[PDB]
Every structure is written in structure tokens, then in C-alpha cells.
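Contents: one structure, followed by commentary.
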Amino acid sequence: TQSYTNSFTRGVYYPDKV
Amino acid sequence: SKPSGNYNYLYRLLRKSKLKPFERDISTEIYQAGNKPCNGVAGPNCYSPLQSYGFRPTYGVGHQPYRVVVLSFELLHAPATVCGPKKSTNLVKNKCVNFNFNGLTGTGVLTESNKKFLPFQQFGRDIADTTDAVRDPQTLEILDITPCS
Amino acid sequence: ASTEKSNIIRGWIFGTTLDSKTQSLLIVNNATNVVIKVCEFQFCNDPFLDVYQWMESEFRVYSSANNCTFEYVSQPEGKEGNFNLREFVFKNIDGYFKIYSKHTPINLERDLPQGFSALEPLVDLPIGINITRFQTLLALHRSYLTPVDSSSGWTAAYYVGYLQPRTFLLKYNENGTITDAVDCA
């Protein structure tokens with residue numbers, strides 16, 4: 001049901017609108 | 001305010017934890033102050049946290065009801081809709097002129113570069129945080145702000 | 001994050017205790033519109049969306065809704081088409097609920113591929129909710145209708161990651177896109 005993985009280089013977003 | 005007492009306002013005298021900015025806690029649960037589990041009824045260890053006001057005109061200035069209006073606006077450079085009664089002129093090109101798109105004043109030259117701005121992006125800043133590129137609010141073209149001679 | 005292509009995950013819920021005693025955020029994404037409401041929803045032990053299959057969906061995730069002080073319908077919100085990985089970043093700070101989204105095609109095995117994919121801002125609205133728990137809403141689609149009873153026919157694949165305050169060094173490309181990042185901590 002539940003598994004454990006690792007995100008290598010994902011999870012980034014633009015902080016501001018510049 | 002009423003001379004007999006206006007009881008249509010509460011202020012949540014008691015709370016378990018401090019509230020964070022810009023939050024709303026309208027929970028009417030009984031504040032359990034003691035150790036015994038409060039069963040939703042008033043007791044010696046848990047009372048009503050929501051207390052009513054006693055607004056009456058007989059009280060002096062300072063205890064009377066005061067309406068507070070907090071205007072929280074965002075002045076960050078971003079695509080906006082509210083831009084006062086500021087009117088618009090035409091669009092000149094390749095000349096040292098002033099620019100006031102959304103309150104950003106200054107002096108520069110428009111060059112109509114090929115920078116690809118995203119729909120949520122309207123202003124662009126350089127290393128020194130000086131706005132060198134802007135998106136026209138009316139036309140969807142991109143214009144750079146280069147200093148004059 | 002999830003890589004399904006059958007419109008299973010189409011909404012989420014947010015709240016502190018997930019009952020009618022406190023406020024709760026209900027966000028549901030339909031095939032043509034999106035509904036976002038802040039009300040005292042009485043979430044059951046197993047909230048899920050019902051379908052009478054094609055249309056006429058029933059909101060069996062809550063039992064009652066009275067206060068309903070905030071509603072929002074954008075209908076541009078999160079589907080990003082049906083043809084794979086749709087990443088989402090939910091943020092609740094200073095009473096504002098920020099949502100990010102990004103659509104990245106998958107051309108690898110059933111695992112998180114390498115590279116970088118920056119998420120774009122989607123919406124920012126105030127809810128003023130002390131969000132401490134959440135749950136993913138998914139359409140069962142058991143070929144028939146199902147009552148409000150929990151533990152339905154699950155017989156007939158999403159990633160969850162927690163965010164932390166981290167300092168990053170973003171690298172912008174010549175075209176303005178983020179192609180690399182460094183987690184200093």
C-alpha cells in the first residue's frame with residue numbers, strides 16, 4: 001500500500017513573479 | 001451600540017494557543033482549562049471562551065464600539081487589475097521618454113525586445129534589482145527599459 | 001505528484017480536525033470546472049467522489065455544510081489535459097493558500113526521473129485555516145452508484161512529499177527557465 005522513494009532533483013518552483 | 005446592551009459581538013476571550021496572522025477561529029467549543037475532559041458543558045474547569053460585549057452609549061469614549069477596516073493590498077510588481085484613475089497615452093518607440101505603466105516611474109528607452117515573459121510575469125529586474133524589462137498592461141508585447149545616453 | 005491518466009485523483013481536502021466543529025477547505029476538480037469552498041464540512045472516515053455512470057456527480061465526502069463563508073470557482077484547475085506527471089505544491093502561509101502546478105511528460109519507467117522541472121504559480125486565495133491534516137479525493141468509478149457508507153469497493157499511484165524551509169540557489173537559463181538548483185542544506 002505504502003512505499004518509500006526519494007526525489008532526486010524535483011520540487012522546485014518560481015518563488016516570485018520576476 | 002444599544003442602551004439596553006448589544007450582545008451581537010464576541011471576542012474569544014480565551015484560546016488554547018496564540019493565533020497566527022490572517023487566520024479565523026470561529027470554533028465555539030468549550031475551552032477546557034482543567035485536566036478533566038470537558039463534555040461540552042460549562043463547568044468549574046471549562047467555561048465559554050466566547051464572551052459578549054456590553055456596548056452601551058452611556059460608556060465614555062474608549063469603551064464604545066469602534067469599527068476597524070484593514071485594507072491589505074499587495075504592492076509587489078506583478079500583473080495587476082486595479083490601477084487607479086491613471087489615464088493612458090500612446091506608445092512611442094526608440095526615444096528617451098518617461099514611462100509609468102503601473103506606478104513604476106523612471107526614464108529610459110523602449111526597444112521591444114524578444115524576452116519571453118510568462119502570463120504571471122510582468123516586470124523583470126537586473127542584477128541590481130533595477131527594472132530593465134516590463135510587459136505592457138494593454139498590449140501583450142514585451143518592452144525593455146534601457147537607460148538613455 | 002502522480003502519473004495516472006484516468007482522472008482518478010481530482011481533488012483534495014484540507015482542515016484541522018476534518019469535522020463540522022472547525023473550518024475545512026474543499027477543493028474538487030471536475031472535467032469542465034473547479035469548485036473551491038470553505039465550510040464546516042463533516043468529512044467521513046473515507047471521503048470519496050461518486051459517479052452515476054458520465055455526469056451527475058455526487059459529493060459524498062461531507063455530511064453537512066452550514067457556514068460556507070468562502071467560495072471560489074475559477075474554471076480555467078489541475079487536470080492539465082488527459083494525454084503525464086502533474087506535480088503540485090500546496091502552501092499555506094499568512095492565511096494565503098498558494099497552489100503551484102506543472103505538467104511534465106514521462107518517458108521513463110515507474111520512478112521519479114532525473115532533471116529539473118520548475119512549477120508555475122496557479123492561484124493564491126486567502127482561507128484563514130489552521131491546516132494540519134489533508135486527504136486526497138479520488139473518484140471510485142465502480143461502474144454503478146454507491147451510498148455514503150465508507151469502505152466502498154476499492155477493488156474496481158500518487159507520491160506525497162513534505163516541504164521544509166530550505167535555502168536554494170536557482171539557475172536561470174538564457175530563455176528565463178530554471179534548469180538547475182542547489183539545496184544548500
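Note on naming: chains are A, B, ... as they come in the C-alpha cells, residues start from 1 per chain, ligands start from 1 in the order shown.
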Would you list which chain A residues are within 9 Å of chain C using only C-alpha atoms, as a list in words?
->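 Per the criterion, chain A yields residues 5, 6, 7, 8, 9, 10, 11, 12, 13, 14, 15 and 17 of chain A.
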Please save N, CA, C and O atoms of the selected residues as a PDB file, in the first residue's frame.
ATOM      1  N   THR A   5      10.209   6.231  -1.586  1.00  0.00           N
ATOM      2  CA  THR A   5      11.125   6.582  -2.660  1.00  0.00           C
ATOM      3  C   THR A   5      11.778   7.915  -2.326  1.00  0.00           C
ATOM      4  O   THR A   5      11.451   8.559  -1.325  1.00  0.00           O
ATOM      5  N   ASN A   6      12.713   8.330  -3.177  1.00  0.00           N
ATOM      6  CA  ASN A   6      13.455   9.567  -2.984  1.00  0.00           C
ATOM      7  C   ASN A   6      13.374  10.418  -4.243  1.00  0.00           C
ATOM      8  O   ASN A   6      13.519   9.903  -5.357  1.00  0.00           O
ATOM      9  N   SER A   7      13.133  11.714  -4.062  1.00  0.00           N
ATOM     10  CA  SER A   7      13.136  12.668  -5.161  1.00  0.00           C
ATOM     11  C   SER A   7      14.551  13.198  -5.340  1.00  0.00           C
ATOM     12  O   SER A   7      15.139  13.749  -4.403  1.00  0.00           O
ATOM     13  N   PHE A   8      15.102  13.027  -6.541  1.00  0.00           N
ATOM     14  CA  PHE A   8      16.493  13.394  -6.768  1.00  0.00           C
ATOM     15  C   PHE A   8      16.654  14.903  -6.919  1.00  0.00           C
ATOM     16  O   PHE A   8      17.375  15.543  -6.146  1.00  0.00           O
ATOM     17  N   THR A   9      15.988  15.488  -7.912  1.00  0.00           N
ATOM     18  CA  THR A   9      16.114  16.914  -8.206  1.00  0.00           C
ATOM     19  C   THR A   9      14.769  17.497  -8.632  1.00  0.00           C
ATOM     20  O   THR A   9      14.665  18.223  -9.621  1.00  0.00           O
ATOM     21  N   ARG A  10      13.710  17.178  -7.889  1.00  0.00           N
ATOM     22  CA  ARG A  10      12.391  17.714  -8.187  1.00  0.00           C
ATOM     23  C   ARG A  10      11.793  18.333  -6.931  1.00  0.00           C
ATOM     24  O   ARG A  10      12.146  17.978  -5.803  1.00  0.00           O
ATOM     25  N   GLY A  11      10.868  19.257  -7.146  1.00  0.00           N
ATOM     26  CA  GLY A  11      10.244  20.011  -6.086  1.00  0.00           C
ATOM     27  C   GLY A  11      10.497  21.512  -6.106  1.00  0.00           C
ATOM     28  O   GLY A  11      10.208  22.179  -5.104  1.00  0.00           O
ATOM     29  N   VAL A  12      11.003  22.058  -7.210  1.00  0.00           N
ATOM     30  CA  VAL A  12      11.379  23.464  -7.305  1.00  0.00           C
ATOM     31  C   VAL A  12      10.269  24.236  -8.003  1.00  0.00           C
ATOM     32  O   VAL A  12       9.609  23.732  -8.919  1.00  0.00           O
ATOM     33  N   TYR A  13      10.060  25.478  -7.567  1.00  0.00           N
ATOM     34  CA  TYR A  13       9.049  26.350  -8.148  1.00  0.00           C
ATOM     35  C   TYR A  13       9.560  27.784  -8.137  1.00  0.00           C
ATOM     36  O   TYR A  13      10.489  28.129  -7.402  1.00  0.00           O
ATOM     37  N   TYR A  14       8.942  28.617  -8.962  1.00  0.00           N
ATOM     38  CA  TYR A  14       9.313  30.026  -9.045  1.00  0.00           C
ATOM     39  C   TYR A  14       8.864  30.765  -7.791  1.00  0.00           C
ATOM     40  O   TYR A  14       7.655  30.844  -7.536  1.00  0.00           O
ATOM     41  N   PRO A  15       9.780  31.313  -6.987  1.00  0.00           N
ATOM     42  CA  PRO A  15       9.346  31.991  -5.754  1.00  0.00           C
ATOM     43  C   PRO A  15       8.575  33.273  -6.010  1.00  0.00           C
ATOM     44  O   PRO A  15       7.533  33.501  -5.381  1.00  0.00           O
ATOM     45  N   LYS A  17       7.362  36.511  -9.083  1.00  0.00           N
ATOM     46  CA  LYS A  17       6.868  36.686 -10.443  1.00  0.00           C
ATOM     47  C   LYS A  17       7.758  37.609 -11.269  1.00  0.00           C
ATOM     48  O   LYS A  17       7.263  38.334 -12.139  1.00  0.00           O
TER      49      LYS A  17
END
Which polymer residues have any atom within 10 Å of an atom of residue 8 in chain B, counting only C-alpha atoms, with same-chain residues fewer than 3 positions away left out, as an mmCIF file with N, CA, C and O atoms, in the first residue's frame?
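Writing done, so here's part.cif:
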data_model
loop_
_atom_site.group_PDB
_atom_site.id
_atom_site.type_symbol
_atom_site.label_atom_id
_atom_site.label_comp_id
_atom_site.auth_asym_id
_atom_site.auth_seq_id
_atom_site.Cartn_x
_atom_site.Cartn_y
_atom_site.Cartn_z
ATOM 1 N N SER B 1 -24.343 50.123 18.987
ATOM 2 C CA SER B 1 -24.488 50.197 20.431
ATOM 3 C C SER B 1 -25.948 50.451 20.775
ATOM 4 O O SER B 1 -26.650 51.181 20.071
ATOM 5 N N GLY B 5 -27.982 47.181 25.854
ATOM 6 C CA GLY B 5 -26.888 46.243 25.699
ATOM 7 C C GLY B 5 -26.946 45.471 24.398
ATOM 8 O O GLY B 5 -27.882 44.700 24.166
ATOM 9 N N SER B 52 -19.401 38.047 25.304
ATOM 10 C CA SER B 52 -20.148 39.076 24.594
ATOM 11 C C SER B 52 -19.755 40.459 25.094
ATOM 12 O O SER B 52 -19.282 40.614 26.224
ATOM 13 N N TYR B 53 -19.954 41.462 24.243
ATOM 14 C CA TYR B 53 -19.647 42.839 24.603
ATOM 15 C C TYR B 53 -20.834 43.494 25.297
ATOM 16 O O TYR B 53 -21.984 43.082 25.121
ATOM 17 N N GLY B 54 -20.543 44.523 26.089
ATOM 18 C CA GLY B 54 -21.572 45.283 26.772
ATOM 19 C C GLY B 54 -21.731 46.680 26.211
ATOM 20 O O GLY B 54 -21.860 47.648 26.967
ATOM 21 N N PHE B 55 -21.709 46.795 24.883
ATOM 22 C CA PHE B 55 -21.763 48.095 24.223
ATOM 23 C C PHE B 55 -23.014 48.868 24.621
ATOM 24 O O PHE B 55 -24.139 48.448 24.337
#
Write down, as a list in words, each residue of chain B that has any atom within 10 Å of an atom of chain C, counting only C-alpha atoms.
->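 Every residue meeting the condition is included here: residues 19, 20, 21, 22, 23, 24, 25, 26, 27, 28, 29, 114, 115, 116, 117, 118, 119 and 120 of chain B.
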Non-local contacts of residue 2 in chain C (6 Å; only C-alpha atoms; under 2 positions in same chain excluded) as a ChimeraX atom specification | /C:4,85,158-159
Two-atom distance - CA of residue 59 in chain C, CA of residue 103 in chain C (Å) |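 For CA of residue 59 in chain C relative to CA of residue 103 in chain C, the distance reads 27.2 Å.
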Give the residues of chain B that lie within 7 Å of chain A; count only C-alpha atoms, and format the answer as a PyMOL selection string.
-> chain B and resi 78+120-121+123-125
Would you put the residues from that selection into a file with N, CA, C and O atoms, as a PDB file, in the first residue's frame?
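Writing done, so here's again_5.pdb:
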ATOM      1  N   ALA B  78       3.740  42.915 -10.169  1.00  0.00           N
ATOM      2  CA  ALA B  78       3.101  41.721 -10.704  1.00  0.00           C
ATOM      3  C   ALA B  78       1.908  42.157 -11.539  1.00  0.00           C
ATOM      4  O   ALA B  78       1.433  43.288 -11.380  1.00  0.00           O
ATOM      5  N   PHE B 120       2.090  35.040 -15.710  1.00  0.00           N
ATOM      6  CA  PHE B 120       2.122  35.594 -14.364  1.00  0.00           C
ATOM      7  C   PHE B 120       3.291  36.546 -14.145  1.00  0.00           C
ATOM      8  O   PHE B 120       3.477  37.026 -13.023  1.00  0.00           O
ATOM      9  N   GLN B 121       4.076  36.831 -15.180  1.00  0.00           N
ATOM     10  CA  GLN B 121       5.229  37.714 -15.074  1.00  0.00           C
ATOM     11  C   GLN B 121       4.995  38.967 -15.907  1.00  0.00           C
ATOM     12  O   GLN B 121       4.593  38.879 -17.072  1.00  0.00           O
ATOM     13  N   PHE B 123       7.093  42.181 -14.801  1.00  0.00           N
ATOM     14  CA  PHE B 123       8.262  43.019 -14.582  1.00  0.00           C
ATOM     15  C   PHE B 123       9.509  42.150 -14.512  1.00  0.00           C
ATOM     16  O   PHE B 123       9.467  41.028 -13.999  1.00  0.00           O
ATOM     17  N   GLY B 124      10.608  42.672 -15.029  1.00  0.00           N
ATOM     18  CA  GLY B 124      11.884  41.974 -14.974  1.00  0.00           C
ATOM     19  C   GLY B 124      12.976  42.888 -14.466  1.00  0.00           C
ATOM     20  O   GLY B 124      13.092  44.034 -14.898  1.00  0.00           O
ATOM     21  N   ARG B 125      13.779  42.366 -13.543  1.00  0.00           N
ATOM     22  CA  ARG B 125      14.827  43.138 -12.892  1.00  0.00           C
ATOM     23  C   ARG B 125      16.196  42.563 -13.231  1.00  0.00           C
ATOM     24  O   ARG B 125      16.336  41.371 -13.524  1.00  0.00           O
TER      25      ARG B 125
END
Surrounding residues of residue 98 in chain B excluding itself and chain neighbours under 5 positions, 10 Å, only C-alpha atoms, as a list in words =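 Listing them by chain and then by number gives residues 105, 106, 107, 108, 109 and 110 of chain B.
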What does the distance from CA of residue 139 in chain B to CA of residue 126 in chain B come to in Å, to one decimal?
->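 Here the two named atoms are 22.7 Å from each other.
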What's the 7 Å shell around range 29-46 of chain C, counting only C-alpha atoms, without same-chain residues fewer than 5 positions away, as a PyMOL selection string?
-> chain C and resi 10-11+18-24+61-75+77+150-151
CA of residue 8 in chain C and CA of residue 91 in chain C are how many Å apart?
->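 We find that CA of residue 8 in chain C and CA of residue 91 in chain C lie 22.9 Å from each other.
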Taking only C-alpha atoms into account, which of B:48, B:37, B:101, B:72 comes nearest residue 86 in chain B?
->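 Comparing B:48, B:37, B:101, B:72 against residue 86 in chain B, the winner is B:101.
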